[PDB]
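Enquirer: Pasting in a structure now, in structure tokens, and then I'll have a few things to ask.
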Amino acid sequence: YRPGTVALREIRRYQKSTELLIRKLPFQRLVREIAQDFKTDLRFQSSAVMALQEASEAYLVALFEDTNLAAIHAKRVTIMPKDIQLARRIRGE
Amino acid sequence: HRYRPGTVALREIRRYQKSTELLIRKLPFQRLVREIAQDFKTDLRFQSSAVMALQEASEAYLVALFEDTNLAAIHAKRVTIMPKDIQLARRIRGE
Amino acid sequence: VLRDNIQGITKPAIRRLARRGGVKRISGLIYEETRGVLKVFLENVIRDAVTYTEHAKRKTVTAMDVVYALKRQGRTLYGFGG
Amino acid sequence: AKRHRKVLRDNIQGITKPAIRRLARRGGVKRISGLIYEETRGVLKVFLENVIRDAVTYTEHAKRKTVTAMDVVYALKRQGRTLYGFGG
Amino acid sequence: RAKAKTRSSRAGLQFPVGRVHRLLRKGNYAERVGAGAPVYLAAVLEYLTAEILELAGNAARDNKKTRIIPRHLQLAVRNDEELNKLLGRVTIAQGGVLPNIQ
Amino acid sequence: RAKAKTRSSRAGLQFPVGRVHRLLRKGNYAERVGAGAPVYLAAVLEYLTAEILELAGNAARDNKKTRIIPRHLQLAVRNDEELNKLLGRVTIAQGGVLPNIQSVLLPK
Amino acid sequence: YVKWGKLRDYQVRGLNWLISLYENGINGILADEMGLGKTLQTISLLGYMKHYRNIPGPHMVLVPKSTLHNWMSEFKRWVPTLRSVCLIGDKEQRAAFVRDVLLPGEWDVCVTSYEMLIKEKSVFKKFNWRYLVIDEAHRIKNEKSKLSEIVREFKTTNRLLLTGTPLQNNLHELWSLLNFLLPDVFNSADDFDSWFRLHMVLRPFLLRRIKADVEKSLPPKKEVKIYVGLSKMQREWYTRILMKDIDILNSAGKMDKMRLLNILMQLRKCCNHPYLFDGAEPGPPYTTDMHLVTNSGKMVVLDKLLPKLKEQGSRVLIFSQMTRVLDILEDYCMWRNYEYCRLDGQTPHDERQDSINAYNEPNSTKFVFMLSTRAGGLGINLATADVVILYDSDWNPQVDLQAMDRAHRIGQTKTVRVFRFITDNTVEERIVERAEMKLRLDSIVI
Amino acid sequence: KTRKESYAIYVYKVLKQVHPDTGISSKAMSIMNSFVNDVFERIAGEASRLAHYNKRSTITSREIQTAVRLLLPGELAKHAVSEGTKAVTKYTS
Amino acid sequence: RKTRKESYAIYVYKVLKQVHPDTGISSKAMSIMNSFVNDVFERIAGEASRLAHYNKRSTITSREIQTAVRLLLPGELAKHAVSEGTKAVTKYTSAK
DNA sequence: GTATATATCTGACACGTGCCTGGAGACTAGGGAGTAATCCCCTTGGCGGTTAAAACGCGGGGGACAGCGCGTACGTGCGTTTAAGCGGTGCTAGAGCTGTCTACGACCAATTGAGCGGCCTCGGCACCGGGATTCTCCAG
DNA sequence: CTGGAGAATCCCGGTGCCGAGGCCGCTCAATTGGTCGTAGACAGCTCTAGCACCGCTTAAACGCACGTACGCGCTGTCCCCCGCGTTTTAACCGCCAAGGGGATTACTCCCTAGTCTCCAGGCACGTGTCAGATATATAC
Ligand SMILES: Nc1ncnc2c1ncn2[C@@H]1O[C@H](COP(=O)(O)OP(=O)(O)O)[C@@H](O)[C@H]1O
Ligand SMILES: [Mg+2]
């Protein structure tokens, strides 16, 4: 298939599905490291890490929409680090 | 004599970025506010400071939107603001 | 009944607001676009400011009615008795 | 050596490039630059720091050692990130 | 004493007037609560409940399902211009993204 | 009856402890309110007040003027990262914009 | 019918008990001491049915993954007449065996690991089975384990469990095994319990026979305990673990702090070796050849291998409960240049049997075997060796007894020596004490 | 040994008036309980503030009507006010 | 007849004179300081109220205010503030 | 002519059971609330005056924008190695409940001083009109 | 490249002014004291679920190489702002009038909270069958 033919096919699949896209063990290990710096030896509910993963993946998907409109405004189809930075600046964060 | 295109634009930026005056003229804005109010209720009267509170809030909003709009045009490698730059800024803000 | 005063927001006054915002050069169609943006903002603030006055059973819009309307929309304003 | 066949990455690296590409595909991104994987990790880490710090403040106030689902939901709500489904 | 009738039955509503009154009395909103305040509020919450479930049930039907699931709810909220303004800052779990490619 | 000593004098504060307690009691924040709560809150309100007025006073002396005015307050809040994070959604009346041009726009 | 060798008298006696149960309509569990040749007795049972009662219906043998090549060999050698088929493989290979072998009905015995069953329970459910024999039946001691249920579903005329260790933890477990066999005779756990009487309930359905009475010729085993003291790196680490101030962070950051939610585990990883804990090993280069022996008290005492390699060829085993320990032992052995072998649960099936055999050869160069108690301490047979060192101790005492019996089995003619590294004044002492308390209830009943 | 109140039975009684044939999942019913809790807290927060600004001790239906008008978008507000006023008239009869 | 209106102005002045003795403040800058004190009072009191409801307690206390301050204020401002408030309660409880 | 479409199990929903604690009855309590009426702050247009601001027009050079060519980087799929994911097993940290007992806060009445508005005025600094560099630009 | 001219704010010193700090008087909320009753700290107990090892299987990610979509530097292009001056209109300032309606206080009497008592909606509980989630054989 040509460059970008499979890229559109993936966009359609993932937009239809409602599943979590990051792996669960690799993400749980990151939540627990960040926390140890605030307080030590905490334990965690199994549902609390899933609330963090849902909230994280919702935040990143929404930021990738604003990044793609800031890329198309500059007449490109490729997203770049500067487009993420303009989106985060206009949102005030 | 003649200064060059854009030289007086810089003096105007500096002069208005030093002062704290209101820039829109007061009486014309008072007529605009009242006209809008008739769509919601007839024969409203108004405190004089309620119109000044509306003007202070309105000029603060427009100045801040023009800053976000300017960033977008520089991002697109231009120096002139365009209607699509106001539309991008409002859309990314969530308005 | 008042006629259209949105043309009373002049081209020179919109340009001074763009200058305080750091804008060096401006396209001609910004003015028509800016007047609609201002009108939509004022319609949202005045609508709520009047809902408050009506609840209070008063005919006069007060500075506090405006300050409460702005506070709801995430636009705190210091200076007017807040 | 047998003592050392396995080697460990940092925990940020667990968010893999394949994992970021799918998120951008759900967001409707067609082509993506190479430097975005480094940039995206930096951005998520700042998001997790701000949510977790508060979720732990709530836990300490309640005098508990376990972070609950409600501690996370209240922290997201206080920042304008309301979440439905996990109670409250 | 006479046999009990629920205040929701008197108002002609399915949501609970009694629970709503207790919630308001114990939530520290005002030092007093009126008698019509719980009835007006229960009517509004049931109306808003019905507006979402009507759109969600249509989305389940177009998808050939009998059972409403979290995806159907997202589709309903995000395709309605008033519900998406009411709910513009909430995240629904297991709620997908409306399909859109520029 | 012994001679009265206002609660702010007992805690060593300039802001009013007694008024803060009334405002909390009548403001629908809780069924009850403890006696150490108005003392803690009055101390924090006075610290945050002194934090602003210190930098405002310095902005007034930098402008060579003896009275603080509403612009001096804007120049203080905006030039400090934490006060600008605390007051990030606030408009101050008669407050100018900090002086600033993007370097792309300056002459060669 | 048996061909390769005659049976021992006890083994003949066993089949008589077994065949009575089929006639009786009861099922039961045979429980000779471990390594007494139960496998052969079962192969004979499946051949009685083909030769005398003429039932060739499909039967099932569930065996641990390690024992799959032994199970197969045994059937062929002793009773070549029965035909057998065995399942193991990836998804593709598994399907082909179903399509070209299992479904054509050209076989009378299926033998498969407990794992390949859960993976393909359906094809198994279709058939109707005559006998279901499960070797090593402690895998279904919990009433609710996934496998315990799937096993119960399949249709079956008669059932036999073979377990060396009837008792593992508490009576509820015994009820669980009794239910799968005689659901009618044991409707509920509560009933079995409370009513409790030793031997009376057990006699009809259980047959136990200890090696000492049946095989007098066997040399009796030696029990020894080596208490040890901690090295110095260990004394520091052990202390800092308890104090929760290990600090230690690879990526600078002022050393951060380690997370120690579960403390008993951390202290045990160090009582074995401090090298396990990251950053304790000295330096980026590593490769110091002698620091290992001296940095761990249990490894200092392991210099005993050198006397034994020279002290004739009394071969030794060094079992363990953690993989990392086994790693060290492998790099150390390489420095001394001894001859060694190692199994693990990570290793592939084909390799396992090879390494049981090279070592079991009559005159092999190999001297030490390193084997994880879970993966290799159940069901394999390794009789050539004569000494046992257990690097670590286990909570359940039966996990330990079994690893000790890999060597002591029929064919052993030299005393089996047992030696356990324990640390004298630490929580390791508690773990050992605890395992002993559980055995007391069992007491090796006759 | 501890009960947990929720709106679930009320959401189901309304569901069957709107769509007699359909059912609903447990995940979806948990989102529906969260919606009712969020909307309740919004309307009661504006009512409370309104009373305070006007110096009143009581929350009445007139404050809840105004809170609904401040919170809901225009087409929902006009219908929600119609449903509230119909209920209060019927209740008073 | 004409009713009184309360404000923070006399405390704001007394704190200015402690910080910069010779300086003053115009009436508009006073209106802005009076607005600031009321905004920050309402933010702290709203967070302190919720935290008690979450944990099912009916009393607001210095501990709930301390947590509210750590949630609302930026990082360094929070540290100094917390010290000022705990100092004031230590002095007050020595003299109640 | 092959991928649904026939075909087949199975945890999740939906039923009803038993159970128990918030909703509902029906009076007394005493304040908030509503409505009358009064007063006089502050609002709405009157005019004229006359500065400053907005408006118009249009010379001229800045930036917006299309196109070309160039070149390295992102996407593709291969085989490969990796460890997510799932079962099993051990254990005991610490959420949760109930129980008991006593420091705390709200309340009352009474009391008297910080803080309110009113009336005041000499000094901060807006404003005008004098000269100072010093921004920028252009034709030598 | 750069001297020169000539419009830009920029200091400087005088002139007047109603803003800000002072005080007065006296108002009405903070103070103290005593009392009441119940929020919440303590200890104890139970037992759910969180944390640590292994084992098992095979989706998944790893790195490799291949090749061409599209990133982005120059150029030419010729339109639309900028800035100037002009004329023009409507802003500002001040002055003075009528009367809407914010505000006060006063009166009266409907409203809701309180208490105790009571019995039916709603809680969790344990089954069951089906909606869906793929298995099972067809079918053309
Ligand atoms: N009758 C016999 N004659 C010779 N060797 C035997 C006999 N019975 C058993 N063995 C050998 O002794 C060992 C018994 O171990 P195994 O069959 O695995 O019994 P278990 O299952 O009880 O461990 C086997 O290796 C087998 O080769
Ligand atoms: Mg065996």
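Ligands are numbered from 1 in the order shown, residues from 1 within each chain, and chains are lettered A, B, ... in the order they appear in the structure tokens.
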Please return, as a PyMOL selection string, all residues of chain B that DSSP assigns to alpha helix (DSSP H) on the basis of the backbone.
Expert: chain B and resi 7-16+26-37+48-75+83-93
Enquirer: Which polymer residues have any atom within 9 Å of an atom of residue 77 in chain E, counting only C-alpha atoms (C1' of nucleotides), with same-chain residues fewer than 4 positions away left out, as an mmCIF file with N, CA, C and O atoms, in the first residue's frame?
Expert:
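Saved as part38.cif:
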data_model
loop_
_atom_site.group_PDB
_atom_site.id
_atom_site.type_symbol
_atom_site.label_atom_id
_atom_site.label_comp_id
_atom_site.auth_asym_id
_atom_site.auth_seq_id
_atom_site.Cartn_x
_atom_site.Cartn_y
_atom_site.Cartn_z
ATOM 1 N N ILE E 52 -31.351 12.944 27.739
ATOM 2 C CA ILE E 52 -30.184 12.121 27.426
ATOM 3 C C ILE E 52 -30.597 10.710 27.019
ATOM 4 O O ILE E 52 -30.118 10.215 26.005
ATOM 5 N N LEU E 55 -31.986 10.299 23.329
ATOM 6 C CA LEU E 55 -30.914 10.306 22.333
ATOM 7 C C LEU E 55 -30.023 9.065 22.435
ATOM 8 O O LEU E 55 -29.637 8.509 21.410
ATOM 9 N N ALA E 56 -29.715 8.591 23.641
ATOM 10 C CA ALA E 56 -28.911 7.391 23.828
ATOM 11 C C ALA E 56 -29.621 6.152 23.279
ATOM 12 O O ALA E 56 -29.000 5.341 22.601
ATOM 13 N N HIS E 72 -22.769 4.864 23.478
ATOM 14 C CA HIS E 72 -23.995 5.431 22.977
ATOM 15 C C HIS E 72 -24.268 6.739 23.650
ATOM 16 O O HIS E 72 -24.759 7.643 23.021
ATOM 17 N N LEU E 73 -23.979 6.853 24.925
ATOM 18 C CA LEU E 73 -24.144 8.095 25.651
ATOM 19 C C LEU E 73 -23.258 9.211 25.156
ATOM 20 O O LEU E 73 -23.709 10.326 25.088
ATOM 21 N N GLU E 81 -26.242 20.087 20.269
ATOM 22 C CA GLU E 81 -25.556 21.360 20.490
ATOM 23 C C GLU E 81 -25.781 21.971 21.880
ATOM 24 O O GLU E 81 -24.923 22.712 22.352
ATOM 25 N N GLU E 82 -26.885 21.673 22.567
ATOM 26 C CA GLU E 82 -27.125 22.144 23.929
ATOM 27 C C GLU E 82 -26.526 21.201 24.964
ATOM 28 O O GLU E 82 -25.859 21.671 25.881
ATOM 29 N N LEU E 83 -26.683 19.883 24.839
ATOM 30 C CA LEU E 83 -26.057 18.960 25.788
ATOM 31 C C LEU E 83 -24.532 19.048 25.731
ATOM 32 O O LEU E 83 -23.892 19.056 26.776
ATOM 33 N N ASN E 84 -23.929 19.198 24.556
ATOM 34 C CA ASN E 84 -22.487 19.385 24.468
ATOM 35 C C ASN E 84 -22.002 20.719 25.051
ATOM 36 O O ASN E 84 -20.843 20.817 25.434
ATOM 37 N N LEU E 87 -22.272 20.016 28.988
ATOM 38 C CA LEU E 87 -21.297 18.978 29.331
ATOM 39 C C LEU E 87 -19.957 19.137 28.603
ATOM 40 O O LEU E 87 -19.284 18.155 28.310
#
Enquirer: Using only C-alpha atoms (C1' of nucleotides) and all ligand atoms, find each residue with an atom at most 10 Å away from ligand 1 and format the answer as a ChimeraX atom specification.
Expert: /G:4-12,30-43,67,70-71,73-74,77-78,135-136,162-164,378-383,402,405-406,408-412
Enquirer: Using Å and a single decimal, report how far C1' of residue 14 in chain K sits from CA of residue 22 in chain I.
Expert: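 That distance, rounded to one decimal, is 26.5 Å.
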Enquirer: In Å to one decimal, how far is CA of residue 422 in chain G from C1' of residue 55 in chain K?
Expert: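 Here the two named atoms are 26.4 Å from each other.
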Enquirer: Using Å and a single decimal, report how far CA of residue 1 in chain E sits from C1' of residue 117 in chain K.
Expert: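 Distance reported for this atom pair: 11.0 Å.
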Enquirer: List the neighbours of range 83-87 of chain I out to 9 Å using only C-alpha atoms (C1' of nucleotides); skip same-chain residues closer than 5 positions along the sequence, and give me the result as a list in words.
Expert: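 Near range 83-87 of chain I, the qualifying residues are residues 11, 39, 40, 41, 42, 43, 44 and 47 of chain F; 62, 66, 78 and 92 of chain I.
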Enquirer: Please identify the strand (DSSP E or B) residues within chain I (assignment by DSSP from backbone atoms) and present them as a list in words.
Expert: residues 24, 25, 59 and 60 of chain I
Enquirer: With N, CA, C and O atoms retained, could you export that selection as a short mmCIF file (atom, residue, chain, number, x, y, z; two decimals), in the first residue's frame?
Expert:
data_model
loop_
_atom_site.label_atom_id
_atom_site.label_comp_id
_atom_site.auth_asym_id
_atom_site.auth_seq_id
_atom_site.Cartn_x
_atom_site.Cartn_y
_atom_site.Cartn_z
N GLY I 24 1.99 55.91 50.34
CA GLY I 24 0.54 55.95 50.46
C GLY I 24 -0.23 55.01 49.52
O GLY I 24 0.36 54.12 48.97
N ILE I 25 -1.53 55.20 49.36
CA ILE I 25 -2.34 54.40 48.45
C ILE I 25 -3.60 55.17 48.01
O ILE I 25 -4.36 55.57 48.86
N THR I 59 -17.44 20.11 61.49
CA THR I 59 -16.65 21.24 61.98
C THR I 59 -15.53 21.63 61.02
O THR I 59 -14.73 20.78 60.65
N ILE I 60 -15.42 22.91 60.65
CA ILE I 60 -14.19 23.48 60.06
C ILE I 60 -13.20 23.81 61.17
O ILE I 60 -13.55 24.44 62.16
#
Enquirer: Residues of chain D within 10 Å of chain K, counting only C-alpha atoms (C1' of nucleotides), what are they? List them as a list in words.
Expert: residues 16, 17, 18 and 66 of chain D
Enquirer: Given only C-alpha atoms, how would the per-residue table for chain I near chain H read, listing every residue at most 12 Å away with its closest atom pair and distance in Å to one decimal, sorted by chain and number, as a tab-separated table?
Expert:
residue	atom	partner	partner_atom	distance
I:42	CA	H:49	CA	11.8
I:46	CA	H:45	CA	11.1
I:50	CA	H:41	CA	11.9
Enquirer: For residue 90 in chain E, find every residue with an atom within 12 Å (counting only C-alpha atoms (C1' of nucleotides)), except residues of its own chain fewer than 2 positions away, and show them as a PyMOL selection string.
Expert: (chain A and resi 55+58-59) or (chain D and resi 73+76-77+79-85) or (chain E and resi 74+77-78+83-88+92-93+95) or (chain H and resi 31+34-35+38-39)
Enquirer: Distance limit 12 Å, atoms considered: only C-alpha atoms. Which chain F residues sit that close to chain B? Return them as a PyMOL selection string.
Expert: chain F and resi 69-72+74-75+89-108
Enquirer: Write a file of the just-selected residues containing N, CA, C and O atoms, as a short mmCIF file (atom, residue, chain, number, x, y, z; two decimals), in the first residue's frame.
Expert:
data_model
loop_
_atom_site.label_atom_id
_atom_site.label_comp_id
_atom_site.auth_asym_id
_atom_site.auth_seq_id
_atom_site.Cartn_x
_atom_site.Cartn_y
_atom_site.Cartn_z
N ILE F 69 -0.86 53.35 43.06
CA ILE F 69 -2.03 53.59 42.21
C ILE F 69 -2.35 52.25 41.57
O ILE F 69 -1.59 51.32 41.75
N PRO F 70 -3.50 52.11 40.88
CA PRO F 70 -3.85 50.79 40.34
C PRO F 70 -2.94 50.13 39.29
O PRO F 70 -3.07 48.93 39.09
N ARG F 71 -2.04 50.87 38.67
CA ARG F 71 -1.14 50.33 37.65
C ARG F 71 0.01 49.66 38.34
O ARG F 71 0.48 48.64 37.90
N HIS F 72 0.45 50.21 39.45
CA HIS F 72 1.55 49.67 40.21
C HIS F 72 1.22 48.29 40.70
O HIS F 72 2.08 47.45 40.78
N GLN F 74 -0.70 46.15 39.12
CA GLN F 74 -0.67 45.25 37.97
C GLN F 74 0.76 44.88 37.66
O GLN F 74 1.04 43.76 37.31
N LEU F 75 1.69 45.81 37.82
CA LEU F 75 3.05 45.57 37.42
C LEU F 75 3.62 44.64 38.41
O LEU F 75 4.39 43.80 38.03
N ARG F 89 -6.64 34.45 36.26
CA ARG F 89 -7.97 34.70 35.66
C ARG F 89 -8.61 36.04 36.07
O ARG F 89 -9.79 36.23 35.85
N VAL F 90 -7.85 36.98 36.64
CA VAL F 90 -8.35 38.26 37.14
C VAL F 90 -8.00 39.42 36.20
O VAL F 90 -6.87 39.52 35.75
N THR F 91 -8.95 40.33 35.97
CA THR F 91 -8.73 41.66 35.38
C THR F 91 -8.69 42.71 36.48
O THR F 91 -9.55 42.70 37.35
N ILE F 92 -7.73 43.64 36.45
CA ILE F 92 -7.66 44.72 37.44
C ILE F 92 -7.97 46.02 36.71
O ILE F 92 -7.35 46.31 35.69
N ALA F 93 -8.91 46.81 37.22
CA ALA F 93 -9.33 48.04 36.55
C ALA F 93 -8.27 49.12 36.55
O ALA F 93 -7.58 49.29 37.54
N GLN F 94 -8.13 49.86 35.44
CA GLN F 94 -7.05 50.84 35.30
C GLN F 94 -5.71 50.12 35.40
O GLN F 94 -4.77 50.64 36.00
N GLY F 95 -5.64 48.92 34.82
CA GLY F 95 -4.41 48.15 34.81
C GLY F 95 -3.94 48.03 33.37
O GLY F 95 -4.69 47.54 32.53
N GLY F 96 -2.71 48.45 33.09
CA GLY F 96 -2.16 48.39 31.75
C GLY F 96 -1.59 47.03 31.42
O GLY F 96 -1.52 46.18 32.29
N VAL F 97 -1.20 46.81 30.18
CA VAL F 97 -0.56 45.55 29.80
C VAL F 97 0.94 45.72 30.03
O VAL F 97 1.48 46.77 29.69
N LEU F 98 1.64 44.72 30.59
CA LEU F 98 3.09 44.82 30.68
C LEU F 98 3.72 45.11 29.34
O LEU F 98 3.31 44.54 28.35
N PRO F 99 4.75 45.98 29.28
CA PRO F 99 5.30 46.33 27.95
C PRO F 99 5.94 45.15 27.22
O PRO F 99 6.75 44.49 27.87
N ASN F 100 5.64 44.88 25.92
CA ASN F 100 6.07 43.64 25.31
C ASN F 100 5.77 43.62 23.80
O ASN F 100 4.63 43.81 23.38
N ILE F 101 6.79 43.30 22.99
CA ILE F 101 6.70 43.06 21.55
C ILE F 101 7.40 41.73 21.23
O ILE F 101 8.49 41.48 21.73
N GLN F 102 6.81 40.86 20.39
CA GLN F 102 7.47 39.64 19.93
C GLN F 102 8.65 39.99 19.01
O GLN F 102 8.51 40.81 18.11
N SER F 103 9.82 39.38 19.20
CA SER F 103 11.06 39.84 18.55
C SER F 103 11.04 39.75 17.02
O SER F 103 11.69 40.55 16.36
N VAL F 104 10.22 38.87 16.46
CA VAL F 104 9.88 38.79 15.03
C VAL F 104 9.43 40.13 14.43
O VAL F 104 9.68 40.41 13.26
N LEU F 105 8.77 40.98 15.22
CA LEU F 105 8.16 42.24 14.78
C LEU F 105 9.11 43.45 14.87
O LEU F 105 8.85 44.48 14.24
N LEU F 106 10.21 43.35 15.62
CA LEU F 106 11.19 44.43 15.77
C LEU F 106 11.99 44.66 14.46
O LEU F 106 12.20 43.70 13.72
N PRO F 107 12.46 45.89 14.17
CA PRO F 107 13.24 46.17 12.96
C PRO F 107 14.61 45.48 12.95
O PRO F 107 15.18 45.16 14.00
N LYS F 108 15.17 45.27 11.76
CA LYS F 108 16.46 44.59 11.55
C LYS F 108 17.61 45.38 12.20
O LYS F 108 18.01 46.43 11.69
#
Enquirer: Near residue 57 in chain H, counting only C-alpha atoms (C1' of nucleotides), which residues have an atom at most 8 Å away, once you skip same-chain residues fewer than 5 positions from it, shown as number ranges by chain?
Expert: E: 30-32; H: 51-52; J: 32
Enquirer: For residue 28 in chain K, find every residue with an atom within 12 Å (counting only C-alpha atoms (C1' of nucleotides)), except residues of its own chain fewer than 6 positions away, and show them as a PyMOL selection string.
Expert: (chain I and resi 3-4) or (chain J and resi 112-116)
Enquirer: Identify, on the basis of only C-alpha atoms (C1' of nucleotides), every residue whose closest approach to residue 65 in chain C does not exceed 6 Å; exclude the query and any residue fewer than 3 positions from it along the same chain; express the result as a PyMOL selection string.
Expert: chain C and resi 49+62+68
Enquirer: Distance limit 7 Å, atoms considered: only C-alpha atoms. Which chain F residues sit that close to chain E? Return them as a ChimeraX atom specification.
Expert: /F:28-30
Enquirer: Any chance you can output those residues with N, CA and C atoms as a PDB file, in the first residue's frame?
Expert:
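File selection-v4.pdb, as written:
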ATOM      1  N   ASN F  28     -22.384  29.988  55.637  1.00  0.00           N
ATOM      2  CA  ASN F  28     -22.783  28.629  55.200  1.00  0.00           C
ATOM      3  C   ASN F  28     -21.627  27.718  54.771  1.00  0.00           C
ATOM      4  N   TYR F  29     -20.479  27.830  55.438  1.00  0.00           N
ATOM      5  CA  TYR F  29     -19.327  26.958  55.138  1.00  0.00           C
ATOM      6  C   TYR F  29     -19.345  25.647  55.919  1.00  0.00           C
ATOM      7  N   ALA F  30     -19.927  25.637  57.115  1.00  0.00           N
ATOM      8  CA  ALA F  30     -20.020  24.405  57.897  1.00  0.00           C
ATOM      9  C   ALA F  30     -21.016  24.514  59.037  1.00  0.00           C
TER      10      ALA F  30
END
Enquirer: Pick the closest to chain K from C:34, C:5, C:73, C:60: which is it, counting only C-alpha atoms (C1' of nucleotides)?
Expert: C:60
Enquirer: Kindly determine which residues of chain H lie within 8 Å of chain E, considering only C-alpha atoms, and give the answer as a VMD selection string.
Expert: chain H and resid 10 to 11 13 to 15 18 to 19 21 to 25 27 to 28 31 36 39 to 40 44 to 45 47 to 48 51 57 to 61 64 to 65 72 to 76 80 to 81 83 to 85 87 to 88 90 to 91
Enquirer: Using C-alpha atoms, can you write the selected residues to a file as a CSV table (one decimal), in the first residue's frame?
Expert:
chain,number,residue,atom,x,y,z
H,10,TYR,CA,-35.2,6.3,39.0
H,11,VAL,CA,-33.1,6.4,35.9
H,13,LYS,CA,-38.1,4.0,35.6
H,14,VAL,CA,-37.7,6.8,33.2
H,15,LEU,CA,-35.8,4.7,30.7
H,18,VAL,CA,-38.9,6.7,26.9
H,19,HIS,CA,-37.9,3.3,25.4
H,21,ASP,CA,-37.8,-2.2,24.6
H,22,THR,CA,-34.2,-1.2,25.7
H,23,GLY,CA,-32.1,-2.1,28.8
H,24,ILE,CA,-28.9,-0.5,30.1
H,25,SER,CA,-25.4,-1.7,31.2
H,27,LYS,CA,-21.1,0.9,33.3
H,28,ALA,CA,-23.7,3.2,31.6
H,31,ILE,CA,-22.3,7.4,34.3
H,36,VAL,CA,-27.5,13.5,38.2
H,39,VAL,CA,-26.3,18.8,37.8
H,40,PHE,CA,-27.7,18.8,41.4
H,44,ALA,CA,-27.9,24.4,44.3
H,45,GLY,CA,-24.6,26.4,44.2
H,47,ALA,CA,-29.3,29.2,44.2
H,48,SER,CA,-27.3,29.6,47.4
H,51,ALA,CA,-29.9,34.2,48.2
H,57,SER,CA,-32.3,33.3,54.6
H,58,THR,CA,-34.4,30.8,52.4
H,59,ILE,CA,-33.9,29.0,49.1
H,60,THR,CA,-37.3,29.0,47.3
H,61,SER,CA,-38.5,27.8,43.9
H,64,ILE,CA,-34.1,27.5,41.7
H,65,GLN,CA,-36.0,28.9,38.6
H,72,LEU,CA,-28.8,25.8,31.1
H,73,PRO,CA,-28.5,26.7,27.3
H,74,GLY,CA,-31.5,28.5,25.8
H,75,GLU,CA,-33.7,25.6,24.4
H,76,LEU,CA,-33.1,23.4,27.5
H,80,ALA,CA,-36.8,22.9,32.1
H,81,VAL,CA,-38.7,26.0,33.4
H,83,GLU,CA,-41.5,21.2,33.5
H,84,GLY,CA,-40.7,22.8,36.9
H,85,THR,CA,-43.7,25.1,36.8
H,87,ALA,CA,-44.9,20.1,38.7
H,88,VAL,CA,-45.3,22.9,41.3
H,90,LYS,CA,-49.9,20.1,40.2
H,91,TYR,CA,-48.2,19.5,43.7
Enquirer: Between K:132, K:94, K:122, K:71, which has the minimum distance to chain A (counting only C-alpha atoms (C1' of nucleotides))?
Expert: K:71
